[PDB]
Each structure stands twice: as structure tokens, then as C-alpha cells.
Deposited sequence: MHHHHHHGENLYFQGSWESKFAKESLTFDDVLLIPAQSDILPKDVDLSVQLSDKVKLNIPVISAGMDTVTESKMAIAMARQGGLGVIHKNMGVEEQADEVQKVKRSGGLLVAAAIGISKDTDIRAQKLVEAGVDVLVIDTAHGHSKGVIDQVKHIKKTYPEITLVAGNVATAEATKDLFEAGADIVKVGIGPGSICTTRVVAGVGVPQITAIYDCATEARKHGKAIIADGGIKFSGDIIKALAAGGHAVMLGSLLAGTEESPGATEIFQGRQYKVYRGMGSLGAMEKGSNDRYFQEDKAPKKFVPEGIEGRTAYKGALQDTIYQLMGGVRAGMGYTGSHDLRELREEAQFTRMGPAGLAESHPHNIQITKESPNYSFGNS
């Protein structure tokens, strides 16, 4: 019964696992990092920048797309403002671009202006995607724009993933509570350790033949490959990209050291009724996006070389982990 199964489940995070090295005949420089997210969207690297007001606006989306990745333009701005940012990305050599939409009544206006601006992928981005509001919005957006790649989230269970894909989503975004600036676990007591959330959701996605985005909690390149090997098609980054020059914030100095503001979309500052679910902090200035992406992808290339993985499909389907203690 439900009473008896209350504590049956046990879950794993990035720090609980390591990839086991395997027979390899490939050098890190020769591995294939490309991923087919939908029949219309292919990325050259499995990295997506987060739809956050301290992470992705036009500058970040352009630089990400230039590296073979993707940017999610945040929705904490006017509808025409969001459309204008998408337009600049499209004007920068026809680069791919994504944009976040909600479930509020203004969504129909927002979705229309973004599609008119040339957006390639719409992201129904909510704190809790296993809801009637999200499922109905997935159906409406897919019915209205059947030629637009649709991401829906955030989820952390197989049942939620099944419901989003069945409602018409092309991609399901995974992550309830793992974020660096996230206080969801502390404030609401809810969450699923990210490695188990990815694995459970990817187990379901394999039945549908559709992709998942592993969103949140990635601290280093090692966590990227672990996220992909657990079942994620691509990863979403907030913290690792917030300190780059290309993020929306201004570079400020403090006691001789340069910093950039990084905040949760559920923080008081971002929300300006709901109690905060994110913090506002200062992160070290990391220089250009180009440098950070190269170091992170180099780490992924090393791990694929250790696992004998020629491409991401082989890494997802064959790579093995070991569990460990602290």
C-alpha cells in the first residue's frame, strides 16, 4: 500500500557515482559530441544555456549557437522585448534559438510573436511540469504550431515524462531541486537526486524514442558526461555559464576581484503569493563563453575516450557506473 511504500525509493546524485573505464580504440579529439533533439533540431555539442535572467539573452544565445550549442531566451521581459532578442539571434547568420513560455493567459500572444521572430524551439518552462496547466498548454502549442520543436518541463518521474510526451511534447526537461542557486529542497522539501531523475525519465523516453534535457546541478565537466551517460540527450547549464562575459549581468569589482550576479528565477529579485525558492549570489568572472565551453567539452571528450564511447548514443546505451560513499 501507499502507506507501506512511503520510504521504499532510494536515489542517487552526481557525487554518488563514477563512470567505469572500458576498452577504447578512440582518441578524445575524434569522439562525436552531436545530438539529434528532434527531426528539425540537431546540436553539435550537447549543451543548452538556461532560460534565466542572469544567464541567457541574445549575446549568450548567439555565442552558444556559434559553439554548436543552444540558448534559451528567458521570459522575464516584455513579449516584444523577447521577440526582439530572438530576432537578433536569427539575424546573426541564421543560428538556432530557443525561447521560454509559461502557462499564463499572455502565452498565446508571447508564443505568436516568438514564432514570428523565427524561434526554432519553444520551452514550456515551469517549476512543476506534471500539472494540468502544463499538459493542456503542451496540447495547445503543438496544435497551433505543429512545425515548432516543443520542450516541456520540469519533471523528475517516469509517469510525468510519459504524460508530457503523450500530450505532444517533443523533448522533456528533467530537474526538480538540483540547481546550484535552488532552495526548492530546503523550502518545499521536494526533489529527486538528479542521477536517478535522469535515469527514471530516460527509461520512459526510450519507449517513445524521444529526447530528454538533464537540467540543473552540474558543477564540473565530469557531471556533464555523468548526466549524459545516465540517459540525458543534452544538458542545461546555469551556474557554469553565469560568470561568462556573455551572460546578461554587468561585471562588478569587489576587493580587487571581478564578479557577476547569479540568481535563481524563484529569488525575490527575479520575481519582482509565492515565497522564494532561489537565492541571489556573486559568482567568479570566468571570461569568455568560448573558453568555458572548450574546457567543459574537453572533459566530456576525455571521459568518452576512457569509456570507449565513439558518440553520445553509445555512451547513453552502454556506459556503466559504479556507486560509492562520501
| property | result |
| --- | --- |
| Segments lacking C-alpha coordinates (deposited sequence numbering, starting at 1) | 1-14, 287-301, 356-380 |
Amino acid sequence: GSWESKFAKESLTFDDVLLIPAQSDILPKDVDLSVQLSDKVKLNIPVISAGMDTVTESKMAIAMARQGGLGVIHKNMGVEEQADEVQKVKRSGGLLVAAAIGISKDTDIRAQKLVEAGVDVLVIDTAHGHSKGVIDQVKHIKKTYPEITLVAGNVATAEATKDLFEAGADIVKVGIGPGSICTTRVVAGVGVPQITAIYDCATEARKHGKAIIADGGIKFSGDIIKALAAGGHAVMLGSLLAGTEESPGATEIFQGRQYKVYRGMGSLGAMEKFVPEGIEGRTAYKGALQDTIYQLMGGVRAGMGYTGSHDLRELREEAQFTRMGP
From here on, numbers count along this sequence of modelled residues.
| property | result |
| --- | --- |
| Stretch with the greater mean C-alpha B-factor as recorded in the entry, comparing 79-87 against 252-260 | 252-260 |
| Between the two ranges 283-291 and 47-55, the one averaging a larger CA B factor in the entry | 283-291 |
| Largest Cα B-factor, entry values, listed residues 242, 152, 213, 176 | 242 |
| Among 158, 230, 141, 237 - the residue whose C-alpha B-factor is largest in the record | 141 |
| Chain third (lowest, middle, highest) by recorded CA B-factor, residue given as residue 208 | highest |
| Entry-reported Cα temperature factor of residue 110, expressed as the chain third it lands in | middle |
| Lowest, middle or highest third - CA B-factor, residue 185 | middle |
| Chain thirds of CA B-factor: placement of residue 166 | highest |
| CA B-factor ranking of residue 275, expressed as a third of its chain | highest |
